[PDB]
Amino acid sequence: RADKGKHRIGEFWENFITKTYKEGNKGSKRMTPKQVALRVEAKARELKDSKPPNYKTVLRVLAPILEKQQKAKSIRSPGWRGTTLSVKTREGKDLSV
DNA sequence: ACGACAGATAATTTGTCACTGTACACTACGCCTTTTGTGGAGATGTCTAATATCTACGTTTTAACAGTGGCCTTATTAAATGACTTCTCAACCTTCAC
């Protein structure tokens with residue numbers, strides 16, 4: 001279906017969840033989804049919104065973001081091949097070997 | 001035929017709640033190296049005014065004596081003394097007296 005992977009909480013909450021997790025993981029802060037959901041609870045109460053998102057949705061919202069943040073650890077480097085070689089000096093001069 | 005009305009129906013997400021994997025078990029900003037501009041002596045080099053020394057510059061002063069200049073009256077006659085000069089330095093015979 002056209003709806004697969006798209007949430008029904010809507011554009012405001014999809015942003016607010018992802019906004020809150022994103023600010024909570026810059027610097028050495030390490031705000032995990034549960035603390036975000038606890039913010040979402042606080043936000044709905046002060047927004048007077050009677051139906052805050054459940055923690056399972058918040059974890060499902062961030063699951064692709066978390067996976068994109070994970071993949072960055074794995075990306076492999078091709079390396080040099082064959083006989084021809086050079087080494088990258090900080091002068092910016094590639095010295096052939 | 002196809003596709004086109006209103007509604008079925010297989011998804012899709014929202015939300016529950018039993019379950020479990022894991023950290024809490026204190027245990028990084030600290031060990032070590034290098035450069036480096038600032039800083040403290042401390043041997044050494046720098047180089048003058050000045051208070052003489054250290055003779056000479058020569059310049060005064062002395063006395064010795066050398067030369068110029070003024071004065072000094074001149075005559076005669078006598079004396080003493082010392083000298084000089086000149087001249088002289090015979091000899092036989094006769095006569096009258098005892």
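Labels below follow one simple rule: chain letters A, B, ... track the order of the sequence lines, proteins then strands, and each chain is numbered from 1.
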Inset, instruction - Pick north or south for the sugar of B:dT61; the rule is positive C1'-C2'-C3'-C4' for north, negative for south. - result: south
Inset, instruction - Would you check if A:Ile9 and A:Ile17 make a side-chain contact, meaning some heavy-atom pair closer than 4.5 Å? - result: yes
Inset, instruction - Working to the nearest 0.5 Å, report the span between CD of A:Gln70 and NZ of A:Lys68. - result: 10.0 Å
Inset, instruction - Quick one: stems involving DNA chain B, counted as three or more successive Watson-Crick or G-U pairs, both distances short of 3.5 Å. - result: none
Legend entry - Nucleotide B:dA6 sugar, north or south by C1'-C2'-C3'-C4': south
Legend entry - same_hphob_cluster(A:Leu47, A:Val61) at 4.5 Å side-chain heavy-atom cutoff: yes
Legend entry - Joint cluster assignment, A:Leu66 & A:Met31, ILVMFWY side-chain distance < 4.5 Å: yes
Legend entry - Sugar of B:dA91, sorted north or south by the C1'-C2'-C3'-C4' dihedral sign: south
Legend entry - Smallest separation among heavy atoms of A:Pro33 and A:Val58, with atom names: O-CG1, 3.9 Å
Legend entry - A:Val87 side chain reached by A:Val97 side chain, heavy atoms, under 4.5 Å: yes
Legend entry - Six-ring stack, B:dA18 vs B:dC19, 5.5 Å / 30 deg cutoffs: yes
Legend entry - Salt bridge present between A:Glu46 and A:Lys43 (N-O < 4.0 angstrom): yes
Inset, instruction - Count the heavy atoms of every other residue, nucleotide or ligand shown that sit under 6.0 Å from CZ of A:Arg30, and state whether that count exceeds 12. - result: yes
Legend entry - Pucker class of B:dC29, where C1'-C2'-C3'-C4' positive means north and negative means south: south
Inset, instruction - For residues A:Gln69 and A:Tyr21, report the shortest heavy-atom separation together with the two atoms involved. - result: OE1-OH, 3.3 Å
Inset, instruction - May I ask you to test the A:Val40-A:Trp13 pair for a side-chain heavy-atom distance under 4.5 Å? - result: yes
Inset, instruction - Please look at the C1'-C2'-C3'-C4' dihedral of B:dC26 and say whether its sugar is north or south. - result: south
Legend entry - Where A:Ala44 and A:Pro52 come nearest, the two heavy atoms and their spacing: CB-CB, 3.5 Å
Legend entry - Sequence-aligned protein contact record of nucleotides 15-27 of chain B, with B where the base is within under 4.0 Å of a protein heavy atom and S where only the sugar-phosphate is: BB-----------
Distances for protein N/O vs nucleotides 10-12 of chain B N/O pairs under 3.5 angstrom?
residue, atom, partner, partner atom, Å
B:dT12, OP1, A:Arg1, N, 2.8
B:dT12, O4', A:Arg1, NE, 3.3
B:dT12, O2, A:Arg8, NH1, 3.1
B:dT12, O2, A:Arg8, NH2, 2.6

